[PDB]
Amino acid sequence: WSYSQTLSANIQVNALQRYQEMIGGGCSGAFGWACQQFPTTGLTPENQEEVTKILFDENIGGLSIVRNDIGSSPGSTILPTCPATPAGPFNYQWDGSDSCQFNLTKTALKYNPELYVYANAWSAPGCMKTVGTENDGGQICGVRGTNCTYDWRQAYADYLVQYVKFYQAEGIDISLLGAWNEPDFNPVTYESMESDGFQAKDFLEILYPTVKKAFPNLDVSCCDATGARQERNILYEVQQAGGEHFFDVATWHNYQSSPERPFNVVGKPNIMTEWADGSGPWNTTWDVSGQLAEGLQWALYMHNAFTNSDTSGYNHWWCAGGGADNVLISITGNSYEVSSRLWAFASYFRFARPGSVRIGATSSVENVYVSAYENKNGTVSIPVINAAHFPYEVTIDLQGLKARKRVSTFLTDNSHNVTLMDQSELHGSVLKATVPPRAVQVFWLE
């Protein structure tokens, strides 16, 4: 809703003030959701291509991250049968599908050559865990606080690297490798594995050099905790245990604690690697209810992470399929619907491409939000969020961007999906525009 009233906001953007390097937005096809995106029954191949294109085409959804589950379940793992001991031999199996995640990754890469693939294990194979199963939590055999018949840490590291090798041989580079999912949480009934930061360091001291020996440019994550506070606690313990230099990227989920402050690592970026409305019905609205599933709220959640926790990437849970509101694109039979959450993603990532750097942006009005990003080639994005219920006349002072010639204005609200509204020449360093209520307006400077 909105009403007639106009106020003003002053914004200053300063390319001399520089923060994090951005990675992008993304989603997962884990647990067979990639097969709902690529079913070859119901959704036609034309429509499966279109759905993936909507997500990963720079000009539409703008996404760049595909997060794949290194599976550990019957029929989803590269190690369906384990050797008796870590001496092996190991019989690795690749079916060219990987629960259709290979299809998802290959197709996303077709539409986005800058794809950032995150291979993330939810559990080790059960044979290398205290509980003897990929379900029900438990620990990698060989970290402190375990008493298994053998130390399986090297074997688990080698297994993760082999998964990466399968994708490399198909011509797909992995960008990030993770060995846990939500290690602070035991869901019991599906792939899971628990850890504190001391036990995590006990594994990372083996994983990290093993990875760099095979793939010197492959980054290692830690540790996909359920929330920001749980991640900070694991990060503290990893560093306390001596493992500061055994991971490269802090990864965390937004389910069980959300941050308003940075993470407790120096010199490492962070990615929010999973979040969704896990309980509500399928939803597409931008700003009708004010509920957390809506697109405008996701624009605001992302602004908070990028400006207050210096976050470099942001992932929905699933890309496309069933699962009610857990996807960005809902698929039923040969039909699909796009949630306006994707246009919140696009408002950031259609314009701030991988390698862009967040730069200084301030607003004189608390709920007229602004951030700004400078691409490697010097183009600049300024996504402004008018979270108020009436229009704001904004004035944007540009510092450090004198080499800019043109400005294009894009709008997302209840009747606009990143719509091009205006294009003008830049004849000074000041932008003036009226931002509609409850909207994201992106100023694209070239």
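One rule holds for the numbers: they count along the sequence shown, beginning at 1.
Check your understanding: For the stretches 18-26 and 425-433, which has the higher mean C-alpha B-factor as given in the deposited record?
Key -> Going by the record's values, the stretch with the higher mean is 425-433.
Check your understanding: Looking at the deposited entry, does 82-90 or 320-328 carry the larger mean Cα B-factor?
Key -> Looking at the record's C-alpha B-factors, the answer is 82-90.
Check your understanding: From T412, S408, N68, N386, which pick has the Cα B-factor that tops the rest in the entry?
Key -> The C-alpha B-factor peaks, among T412, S408, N68, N386, at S408.
Exercise for review: Among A169, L300, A241, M272, single out the one with the highest C-alpha B factor in the record, please.
Suggested key: Top of the list by C-alpha B-factor: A169.
Check your understanding: How does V211 rank on Cα B-factor within its chain, lowest, middle or highest third?
Key -> Lowest third of the chain for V211's C-alpha B-factor.
Check your understanding: By the record's CA B-factor, is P39 among the lowest, middle or highest third of residues in the chain?
Key -> Its C-alpha B-factor belongs to the highest third of this chain's values.
Review point. Lowest, middle or highest third: where is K165 by C-alpha B factor in its chain?
Key: Ranked within chain, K165 CA B lands in the middle tercile.
Exercise for review: Would you mind ranking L63 by its C-alpha B-factor against the rest of the chain and naming the third, lowest, middle or highest?
Suggested key: As the PDB entry reports it, the C-alpha B-factor of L63 lands in the lowest third of its chain.
Exercise for review: Would you please rank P125 by its C-alpha temperature factor against the other modelled residues of its chain and give the third it falls in: lowest, middle or highest?
Suggested key: Its C-alpha B-factor, which the entry lists for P125, ranks in the middle third among residues of this chain.
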